[PDB]
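*Asks:* Before we start, here is the structure in question, set down as structure tokens.
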Amino acid sequence: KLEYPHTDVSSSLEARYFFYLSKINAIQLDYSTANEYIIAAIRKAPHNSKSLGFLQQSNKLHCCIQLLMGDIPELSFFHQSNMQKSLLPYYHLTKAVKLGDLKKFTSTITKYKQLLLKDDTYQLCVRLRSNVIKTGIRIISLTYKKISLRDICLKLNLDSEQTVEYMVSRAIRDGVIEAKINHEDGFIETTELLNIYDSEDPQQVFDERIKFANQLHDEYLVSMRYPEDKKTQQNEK
Amino acid sequence: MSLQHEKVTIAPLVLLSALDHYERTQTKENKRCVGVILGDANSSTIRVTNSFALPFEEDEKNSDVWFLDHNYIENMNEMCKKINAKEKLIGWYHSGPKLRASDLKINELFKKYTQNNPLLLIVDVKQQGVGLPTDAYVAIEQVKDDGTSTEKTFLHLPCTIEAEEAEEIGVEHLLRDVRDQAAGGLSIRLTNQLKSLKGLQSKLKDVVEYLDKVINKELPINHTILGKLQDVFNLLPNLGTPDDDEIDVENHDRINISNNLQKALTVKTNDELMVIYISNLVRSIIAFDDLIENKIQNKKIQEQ
């Protein structure tokens, strides 16, 4: 409908709004934008101990969003948080996904099924079952550039050579693993090598940064003269 | 004798004088103002320092009839050596804008006061050109190619306005306009860059038209023009060579440095914001104080 006001509101209000958008966007499988709102939700929000629910639940949700991407939240995020007691489930999941073990991921969720259900992060975890496999073959892509089908199956305990090809195809459709299969020739060959200052893509990266800097250059200007007006208009000693 | 006229520097004294002189004879309707130009000559750089009118008539019935007073040229020489001996006759301005063949014959006359070939300085006084307010040509005599005879002809030799230093002072005084082209700030050069594209494009359009008229309407092939055009096709940038690719890398190199600068300013601009809000903070307190302070003032009047 799109009429939400920023005109005469508080920052807490902005923090509230952003948290709701993140949930909707994350499950509609648009994690990029859900992540970008949840970071902002935390920033816009005040940081105090009367703000502890908000801080705790927005830090929990953010990390679930990174695993959905395929990223790993920082280990250091969890240990140096003074809310480390309740981020005990999440330290575990971030580890299970990293190590790629299927067995560890199932076992962890079975314990903290209830814990996750409270904070509405259980819904995210069903899909993190898919995400185990993806991380595990992201490791495989970075270690090995040419790796026979059998070798992948032995490491990761996958049933058939045909099966693991289907799984890699899905991933390279979305362009994460960026590999290309050779079925006939019986290997998978990593196709990522970057070297992109030779392409025109850095012009597009530079468009955003100048655009970003521009945004502040307008914002200061409009706000700054605004309080000054009243003070001259009003009596002074 | 020398064929040295490769650069022609013009003092702005010459262009405004030619503007006046046309109007002090009142020539019009392809009648011309023919006067002398003085300066230094017999040299690689010609500096056109001064200009004067002469008595002159121009007949429209036959272009081989005009008047000129010879005795005037001899008497003006005596006088100008006394003011300045660095001034000598170097040739003649002609109002133009149309160059004619009879002007070669006027040229011959002026070749009897100066050792060098005379400079014929076309100064458009009608102000139809938005550029070229000076075009310079010098008569030289050469065997022309393609079975052609020896022709006496006026070849273009580079000219630019550069101003003397003594002239400069007045140029500064009379220019009090903002100057649309002056090479200023970001603004001034974005206006220029557009102006520059339409400049070139029109210049390019004359070449197209010319070429068509050679084989349509049978203009005389002038092989000098055509030679220059061979090199136009030979200095064309060709894509897909490692040179063009390095240029696209260099556009990112340059924009890279522009990005770091843009961030650095964002901190200055935010610095200014911070510093105002501190002032406003204080001002809230000062205005609050007035309200308390009144009570203190009111009480005194009652007492005393």
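The way I read the labels, and the way they are meant: chains A, B, ... in the order of the structure tokens, residue 1 as the first residue of every chain, and ligand 1 as the first ligand shown, with later ones counted on from there.
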For chain A versus chain B, which residues have an atom no more than 12 Å away, and what is each residue's nearest atom pair and distance in Å rounded to one decimal, using only C-alpha atoms, chain-then-number order, as a Markdown table?
*Replies:*
| residue | atom | partner | partner_atom | distance |
| --- | --- | --- | --- | --- |
| A:196 | CA | B:249 | CA | 10.5 |
| A:197 | CA | B:249 | CA | 7.1 |
| A:198 | CA | B:249 | CA | 6.4 |
| A:199 | CA | B:249 | CA | 8.2 |
| A:200 | CA | B:248 | CA | 7.7 |
| A:201 | CA | B:252 | CA | 9.5 |
| A:202 | CA | B:252 | CA | 6.8 |
| A:203 | CA | B:252 | CA | 6.4 |
| A:204 | CA | B:252 | CA | 10.1 |
| A:205 | CA | B:256 | CA | 10.3 |
| A:206 | CA | B:259 | CA | 6.9 |
| A:207 | CA | B:259 | CA | 9.2 |
| A:208 | CA | B:259 | CA | 10.1 |
| A:209 | CA | B:259 | CA | 7.1 |
| A:210 | CA | B:259 | CA | 6.4 |
| A:211 | CA | B:262 | CA | 9.9 |
| A:212 | CA | B:263 | CA | 9.2 |
| A:213 | CA | B:266 | CA | 6.2 |
| A:214 | CA | B:266 | CA | 8.1 |
| A:215 | CA | B:266 | CA | 9.5 |
| A:216 | CA | B:266 | CA | 6.9 |
| A:217 | CA | B:266 | CA | 6.5 |
| A:218 | CA | B:269 | CA | 9.6 |
| A:219 | CA | B:270 | CA | 9.3 |
| A:220 | CA | B:273 | CA | 5.9 |
| A:221 | CA | B:273 | CA | 7.6 |
| A:222 | CA | B:273 | CA | 10.0 |
| A:223 | CA | B:273 | CA | 8.3 |
| A:224 | CA | B:273 | CA | 5.7 |
| A:225 | CA | B:276 | CA | 8.2 |
| A:226 | CA | B:280 | CA | 9.9 |
| A:227 | CA | B:280 | CA | 6.5 |
| A:228 | CA | B:280 | CA | 6.4 |
| A:229 | CA | B:280 | CA | 9.7 |
| A:230 | CA | B:280 | CA | 9.4 |
| A:231 | CA | B:283 | CA | 6.5 |
| A:232 | CA | B:283 | CA | 9.0 |
| A:233 | CA | B:287 | CA | 10.6 |
| A:234 | CA | B:287 | CA | 7.2 |
| A:235 | CA | B:287 | CA | 6.0 |
| A:236 | CA | B:287 | CA | 4.7 |
| A:237 | CA | B:290 | CA | 5.3 |
*Asks:* Would you mind listing what lies within 8 Å of residue 12 of chain A as a PyMOL selection string, with only C-alpha atoms counted and same-chain residues fewer than 6 positions away left out?
*Replies:* chain A and resi 44-46
*Asks:* As a PyMOL selection string, please: every residue in segment 148-273 of chain B that DSSP puts in alpha helix (DSSP H).
*Replies:* chain B and resi 165-174+186-216+223-232+242-273
*Asks:* Please identify all polymer residues within 7 Å of segment 84-98 of chain B, counting only C-alpha atoms, omitting same-chain residues fewer than 3 positions from it, and present them as a ChimeraX atom specification.
*Replies:* /B:32-41,80-81,110,113-114,118-125
*Asks:* For those residues, write C-alpha atoms to a file as a tab-separated table (two decimals), in the first residue's frame.
*Replies:*
chain	number	residue	atom	x	y	z
B	32	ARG	CA	34.74	46.16	-48.29
B	33	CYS	CA	37.08	48.05	-45.85
B	34	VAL	CA	40.61	47.62	-47.05
B	35	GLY	CA	43.26	48.92	-44.81
B	36	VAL	CA	46.71	48.18	-43.79
B	37	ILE	CA	47.90	45.99	-40.83
B	38	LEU	CA	51.30	46.64	-39.22
B	39	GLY	CA	53.30	44.48	-36.96
B	40	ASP	CA	56.58	42.41	-37.29
B	41	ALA	CA	57.20	40.15	-40.40
B	80	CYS	CA	54.37	55.26	-37.74
B	81	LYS	CA	58.20	54.84	-37.45
B	110	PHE	CA	51.32	45.34	-51.17
B	113	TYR	CA	56.19	47.78	-49.27
B	114	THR	CA	57.14	44.50	-47.41
B	118	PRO	CA	51.81	40.07	-47.64
B	119	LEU	CA	49.37	38.72	-45.14
B	120	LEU	CA	45.70	39.08	-46.10
B	121	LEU	CA	43.79	39.04	-42.85
B	122	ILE	CA	40.11	38.41	-43.41
B	123	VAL	CA	38.26	40.03	-40.44
B	124	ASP	CA	34.47	39.35	-40.52
B	125	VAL	CA	32.77	42.47	-39.27
*Asks:* Would you kindly return, as a list in words, each protein, DNA or RNA residue with an atom no farther than 10 Å from any atom of residue 4 of chain A, considering only C-alpha atoms and excluding same-chain residues fewer than 3 positions away?
*Replies:*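 Listing them by chain and then by number gives residues 1, 7, 14 and 17 of chain A.
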*Asks:* Segment 145-154 of chain A: which residues within 8 Å, counting only C-alpha atoms, same-chain residues fewer than 6 positions away excluded, as a ChimeraX atom specification?
*Replies:* /A:160-161,164-165,186-190
*Asks:* Write the selection just made, keeping C-alpha atoms, as an mmCIF file, in the first residue's frame?
*Replies:*
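Produced file result30.cif, reproduced below:
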data_model
loop_
_atom_site.group_PDB
_atom_site.id
_atom_site.type_symbol
_atom_site.label_atom_id
_atom_site.label_comp_id
_atom_site.auth_asym_id
_atom_site.auth_seq_id
_atom_site.Cartn_x
_atom_site.Cartn_y
_atom_site.Cartn_z
ATOM 1 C CA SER A 160 24.866 -42.241 -6.440
ATOM 2 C CA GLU A 161 27.074 -40.373 -8.917
ATOM 3 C CA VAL A 164 25.187 -35.651 -6.683
ATOM 4 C CA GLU A 165 25.136 -34.166 -10.278
ATOM 5 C CA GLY A 186 33.118 -37.759 -15.164
ATOM 6 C CA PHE A 187 34.219 -34.808 -13.127
ATOM 7 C CA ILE A 188 32.960 -31.417 -11.963
ATOM 8 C CA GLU A 189 35.168 -28.436 -12.928
ATOM 9 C CA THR A 190 34.896 -25.204 -10.892
#
*Asks:* Write out as a list in words which residues come within 10 Å of residue 83 of chain A when counting only C-alpha atoms, dropping same-chain ones fewer than 3 positions away.
*Replies:*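 Result of the neighbour search: residues 52, 55, 56, 59, 78, 79, 80, 86, 87 and 88 of chain A.
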